[PDB]
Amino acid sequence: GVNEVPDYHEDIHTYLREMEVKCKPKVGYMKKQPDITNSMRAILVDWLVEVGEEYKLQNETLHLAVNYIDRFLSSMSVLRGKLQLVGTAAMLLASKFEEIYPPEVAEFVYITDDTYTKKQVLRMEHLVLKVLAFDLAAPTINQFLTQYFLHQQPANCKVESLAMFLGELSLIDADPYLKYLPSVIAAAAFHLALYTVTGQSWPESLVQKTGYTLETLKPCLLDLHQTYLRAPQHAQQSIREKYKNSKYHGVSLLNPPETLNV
């Protein structure tokens, strides 16, 4: 059980709950951005998903990068021709934080198709570190999910993989997801994955841990349920393609439930 740190998992959970509020982006940031939109952010995140697949980055890395991007964009006005520079520097910082083997800077320049120079990437890296004041150890959807997964009776790979796909889907669409905390999207995704695969519900045990009920998760669940139904038609498709892979049990091929009874 030491891999699941029995003596610390509650302290850690409590701490992440505090930190997620501190690391939260401004829910309405995109209205104050003159030149970029939810739609361009969707394109960027979808690209970052592909980059993560291309370089075999952790999912956690992708989630960190998105956190860094939304917090920067919460205080820094950005022209559309620089959105991708912010994104690349965000992915670089996330990789150095989270990866055993981050890709070299040159590789990050390469994936931008020489839109930007090595000097621009590195200059943006510093800028992002300055705006975030090095607050990089942000709670993600994934960090909550992996704890919630411990409450399965018994563990189910399809439930796990489907929850990760659903949480990843939420990264794409700042409206509505910017309004929910990582721990709440994770709860919605976990309940929705569990319901889809086994027909079961958000367990008592996770009510004990999180304080969240199906009642409190309802709004987010209704959003996530709609995102799931509409996912085949969404303009951005990289996550569905990714979660076709056997690494993730092909869960993007599972049918969403038509109704939740919630």
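All residue numbers are counted from 1 along the displayed sequence.
May I ask you to compare 214-222 and 64-72 by their mean CA B factor in the entry and name the higher one? According to the entry, 214-222 carries the higher average C-alpha B-factor.
On mean C-alpha B-factor from the PDB entry, just flag whether 113-121 or 141-149 is the higher one. Looking at the record's C-alpha B-factors, the answer is 113-121.
Ordered by C-alpha B-factor within the chain, which third holds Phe134? Give me lowest, middle or highest, please. Within its chain, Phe134 is a lowest-third residue by C-alpha B-factor, going by the deposited values.
Could you look up the Cα B-factor of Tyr177 in the entry and say which third of the chain it sits in: lowest, middle or highest? Its C-alpha B-factor belongs to the middle third of this chain's values.
Would the CA B-factor of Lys82 place it in the lowest, middle or highest third of its chain? Middle third, going by the recorded CA B-factors of the chain.
Grab the CA temperature factor for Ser39 from the record and place it in the lowest, middle or highest third of its chain. It belongs to the highest third of the chain when residues are ordered by C-alpha B-factor.
Lowest, middle or highest third: which one holds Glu18 when the chain's residues are ordered by CA B-factor from the entry? For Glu18, whose C-alpha B-factor we compare with every modelled residue in the chain, the answer is the middle third.
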